[PDB]
Structure formats: structure tokens, C-alpha cells
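> Build me a model:
(one chain, ligands or ions: 1)
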Amino acid sequence: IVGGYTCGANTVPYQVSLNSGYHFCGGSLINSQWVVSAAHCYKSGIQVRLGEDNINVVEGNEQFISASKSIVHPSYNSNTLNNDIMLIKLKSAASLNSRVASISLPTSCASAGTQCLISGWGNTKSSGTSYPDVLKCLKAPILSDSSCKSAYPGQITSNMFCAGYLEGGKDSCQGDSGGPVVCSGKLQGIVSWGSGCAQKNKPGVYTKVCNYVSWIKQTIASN
Ligand SMILES: [Ca+2]
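Numbers count the residues shown, from 1 in each chain. Coordinates below:
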């Protein structure tokens, strides 16, 4: 997260870190057994880390649970990042509490102009590299479809939306990938891609979760 703020320990209790020996992506806990992340975050041997604030220090509220299954969207295309969504099943159910909690899936898509909460442990520099210890947060508005397509001509599908600031300086970034965009208390986006981070006229691009609720529900009911 570039240009954001320190969330506060466990104030984003659905935020997970995906660890394969190191933090590499975020994700969102949607019930005690399932995490939503980006398909581009797929790899084998994922351990899901819940209840994290400082990802480098055991502070006492973490739950570390291995992934038992990862399901990449059937139509995921890594070249275009269309359908950049994956489900991760936990080997055992998380214990839900005040610091580890699920985020609701949307019943309707979110609206342009709504301020959403984006969070993660990704790079905090728009040029160069600096990674935070504690979870970072950014409030950013959903941009109009037309402005999103104007920023990324030929690259925005109906399964993507833009959020952020055309002036630059505030954005998600690498390492936030797979993490949540929460609007009005619902998971509406997944950190997906962008040109650089926090660059002028290049806002963040996010997977449009509301298009995937039927697939999520069917998949969870069968796995
Ligand atoms: Ca920790």
C-alpha cells in the first residue's frame, strides 16, 4: 500500500497473509474454511496466516492453517488477468473471534464513487522498494467504468474495476496482490494489477467479486 496508513492491529480481521516460506500475497476470509484471493497468487504449499498484524513477529493472535485445496477460476487468463480469482480451502476450520472474522460476499455490485478499504503488506513505495511490518490500509474510491477504460485502453474487462486516485500517490502495490477491497462491509474487489503503483493516470485494477458469487457459492458447496 502506497500512501496509506497503519490500520491498527486486527482491525481488518478478514485480512489474511499467504505464506510460502515468506509473505507473498493477501487474501480474504469468507467463512471459517475458505479464503478468496487472486488467481495470479496461485502456488502449491500455501499456508494461510490469520490474525496477523506484524507479519514478522508472533504477537499471540495468529492462526496458521495449511491450504488443503486451491481452486483457480475456470476462465482465469494470466495474460489478460481476466477472472483473477481463486478460492483456497483451509485444512481445518479457523476459530472465529474478534481478531479473525469473515467478510460478507456482496449481493449487489458496488457503486462508482464509494470509498472502499484496501489493505495489505505490500510495497509502500511508488519507486523503489520498502515493505512494512504491520498491516497497511488505504481508503480509495471506485472510479467510473469510462475513466477506468481511459486509463487502461484495451485492457479492462467487465470482470475488473478501477479504484484509487488519478493524481497518483495512493494505491495498492505488489505484495498486496490477492487482498481485499471492502466497500460498505462487503468484499467487492481483489487486488489484481496496475501499471507500476501510485502512478499518475494509472489507478489500481481489481477483480469484480460481485460477478463471481454464484461460482464461489457453488464451489464451496461441492468442495
Ligand atoms: Ca504476527
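> contacts, neighbours, all on C-alpha from now
Will do.
> Grab the nearest non-local neighbour of residue 98.
residue 13 (7.3 Å; Cα to Cα, 6 or more residues apart in numbering).
> Repeat that for residue 136.
residue 6 (4.6 Å).
> Next one: that neighbour from the ion, what distance?
15 Å (Cα to the ion, to the nearest Å).
> isn't that residue right next to residue 135, touching?
Yes. The pair formed by residue 6 and residue 135 meets the contact definition of Cα atoms under 8 Å, at 6.2 Å.
> Which residues are in contact with each of those two?
Common contact partners of residue 6 and residue 135 (Cα atoms under 8 Å, 6 or more residues apart in numbering): none.
> Now do the domain split for this structure, please.
Per curated CATH domains, the structural domains of the chain span 5-7+103-211, 15-102+212-221.
> now do the same end-to-end measure for the shortest one.
Distances were taken as Cα to Cα, to the nearest Å; on that basis the terminal residues of domain 15-102+212-221 are 23 Å apart.
> swap in the first one?
Terminal residues of domain 5-7+103-211 lie 29 Å apart, using Cα to Cα.
> In contact with the residue most central in space within the chain, which residues are there?
In the chain, the centroid-proximal residue (Cα atoms, centre = their mean) is residue 179; its distance is 1.6 Å. Residue 179 is in contact with 15-16, 25-28, 37-38, 118-120, 190-191, counting by Cα under 8 Å, 6+ apart.
> rerun at 7 Å
15, 25, 26, 27, 28, 37, 119, 120, 190, 191 (Cα atoms under 7 Å, 6 or more residues apart in numbering).
> Same question for residue 52.
Contacts for residue 52 (Cα under 7 Å, 6+ apart) come out as 10, 62.
> 10 Å - rerun?
9-10, 12-17, 58-64, 99-100, 134-135 (Cα atoms under 10 Å, 6 or more residues apart in numbering).
> returning to that earlier point: separate out the buried members of the contacts of residue 179.
When these are checked for burial by 16 or more other Cα atoms under 10 Å, the buried set is 15, 25, 26, 27, 28, 37, 119, 120, 190, 191.
> part of a strand, is the fourth one?
Yes. Judged by DSSP: H, G, I helix; E, B strand; the rest coil, residue 27 forms part of a strand.
> Distance-wise, check it relative to residue 148.
For residue 27, the distance to residue 148 - Cα to Cα - is 24 Å.
> ditto for the last one
Distance, residue 191 to residue 148, by Cα to Cα: 15 Å.
> if we can go back for a sec, please flag which of the contacts of residue 52 sit within strands.
The strands, defined by DSSP state E, take in 15, 16, 17, 63, 64 from the contacts of residue 52.
> Let me have the residues you listed in TSV, extended by distance to the ion.
Below are these laid out as TSV (distance: Cα to the ion, whole Å):
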residue	distance to the ion
15	12
16	11
17	10
63	9
64	10
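> Can I get the buried part of those residues as one ChimeraX selection?
Applying 16+ other Cα under 10 Å to the ones in strands among the contacts of residue 52, the buried members can be selected in ChimeraX as follows:
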select :15,16,17,64
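> So which residues of this structure form helices?
145-151, 213-220 (DSSP state H).
> Would you tell me which one of those helices is buried the most?
helix 145-151 (a mean of 16; mean count of other Cα atoms under 10 Å).
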